[PDB]
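Presented below, as structure tokens, is a lone chain in the form deposited in one PDB entry.
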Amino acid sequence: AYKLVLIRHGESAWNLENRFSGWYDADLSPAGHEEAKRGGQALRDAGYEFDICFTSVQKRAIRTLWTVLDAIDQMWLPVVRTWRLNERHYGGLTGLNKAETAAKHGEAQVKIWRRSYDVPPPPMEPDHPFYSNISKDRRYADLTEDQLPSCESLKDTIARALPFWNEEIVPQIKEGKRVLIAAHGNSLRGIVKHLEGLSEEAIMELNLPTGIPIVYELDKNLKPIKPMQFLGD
């Protein structure tokens, strides 16, 4: 019965300003850092061991992983980073707060986005304040023109995250390697929806806790044998 472990990073610096970060590379707030320390301790106390870790190219996820590996004394483990585990690309809303967003786009469009699985946000246009910061970052230089989003619905995020699951994480699990994935709410949502065969409405209702190891027990077909469980007190 394979064991798989997910962890979602905690509060960021832009949460403290209630700003949409998306692909903006906000660091953890001091408290999000503390959350990751606690998640680490909870894996230490339970005696968890891994053989390989996956994360995004965003530092709130990476620092969460680093904190956990420090806590469980497995700093030596192989680490693989991919943009395909990044947060959902919130396009033109990147950097705005909720008030600014409602003023610019309307309460109507806002409710549509909050409820919808396949309606993207506005694209990040070249005049956007963070257009260069994100879409001209080196770390994305290898992506083709069609892979680099200017915005993403949840469906888009999941559609680009699941190829990485199948391509690099599934082979490790098949070999018996114990996997730890440190990433973001929306990419992990993709993983959860695929593992559990959830519906659109279901996954959009699922909200993953932060800083808490999420444990999956998988059968030989990598199908969950029971619902996800959490680690801690």
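So that there is no doubt, residue numbering starts at 1 and follows the sequence shown. What we label the rigid core is the largest C-alpha set whose atoms superpose within 1.5 Å from one form to the other.
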Using only the Cα atoms and their B-factors as the entry lists them, report which of 93 to 101 and 71 to 79 averages higher. 93 to 101
Quick one: higher average CA temperature factor, 59 to 67 or 204 to 212? 204 to 212
Out of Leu85, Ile112, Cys151, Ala159, which residue has the highest Cα temperature factor in the PDB record? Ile112
What third of its chain, lowest, middle or highest, does the C-alpha temperature factor of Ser29 fall into? lowest
Chain thirds of CA B-factor: placement of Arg139: lowest
Ranked against its chain, the third holding the CA B-factor of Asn15: middle
Ranking every modelled residue in this chain by its Cα temperature factor as given in the entry, which third contains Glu35? highest
Entry-reported Cα temperature factor of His184, expressed as the chain third it lands in: lowest
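Just so it is clear, the following notes concern the form deposited in another entry, a form of the same protein that is not shown.
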Answer among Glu107, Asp73, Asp142, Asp118 for the CA shift between this form and the one not shown that reaches 2 Å or more, rigid core superposed: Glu107
A 3 angstroms or greater change in CA distance between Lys104 and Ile134 is reported in the other form. Closer or farther than in this form? farther
